[PDB]
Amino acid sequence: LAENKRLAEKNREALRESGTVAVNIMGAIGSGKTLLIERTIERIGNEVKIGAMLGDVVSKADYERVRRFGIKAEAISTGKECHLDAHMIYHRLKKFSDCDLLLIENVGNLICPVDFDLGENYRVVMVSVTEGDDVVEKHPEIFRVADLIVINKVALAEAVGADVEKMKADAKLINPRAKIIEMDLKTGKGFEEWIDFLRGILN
């Protein structure tokens, strides 16, 4: 962790020098990190210069979709690690020095990323209701580090037997300071709130 902390500080300073705001977006595979990133690019990509670093394996169609908006994007090679670390992006940040907002998609995992500072400005932790409504209480460590917690695909809550209000309450008990958004991209629920949070951090 010592070498990570060192590179993490360098990533943070470099991000400060360029005025780029970086968001470490964590969550299990299927939590919907990629779609949220695309939808974001689609909504404010014209007003705001966005970079994307994708640390989950992304399909070809999704790579086309993100790159289609002329947005700078790239797969992060994570090799054998169950999480990103400051070293993985240390040499990549320069290519993104011209972005106002750098969206960093972490590995699909709710455990390993806890202890790794990437040098980011904000941490988001995404969870889908399809993961079970005890997923927050099962993973206190990761939910504690979040500045914003996204409970996702809520319009499927009933269908899957998941209790959204319990997920919200467990999140708040574990992390009293974090903003919490209940989100369903299909129905647009929570999206404006998400965008508003991004505008807040860029201004």
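One rule holds for the numbers: they count along the sequence shown, beginning at 1.
Higher average CA B factor: 86-94, of the stretches 86-94 and 103-111. As the entry records it, the average C-alpha temperature factor is higher for 156-164, out of 156-164 and 135-143. The residue among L54, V48, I174, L36 whose C-alpha carries the highest B-factor in the deposited model is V48. Sort the chain's modelled residues by C-alpha temperature factor and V150 lands in the lowest third, per the entry. Annotation for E120: CA B-factor lies in the lowest third of the chain's modelled residues. Annotation for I41: C-alpha temperature factor in the middle third relative to the rest of the modelled chain, per the entry. The deposited CA B-factor of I71 belongs to the highest third of values across its chain. When the modelled residues of the chain are ordered by C-alpha B-factor, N24 sits in the lowest third.
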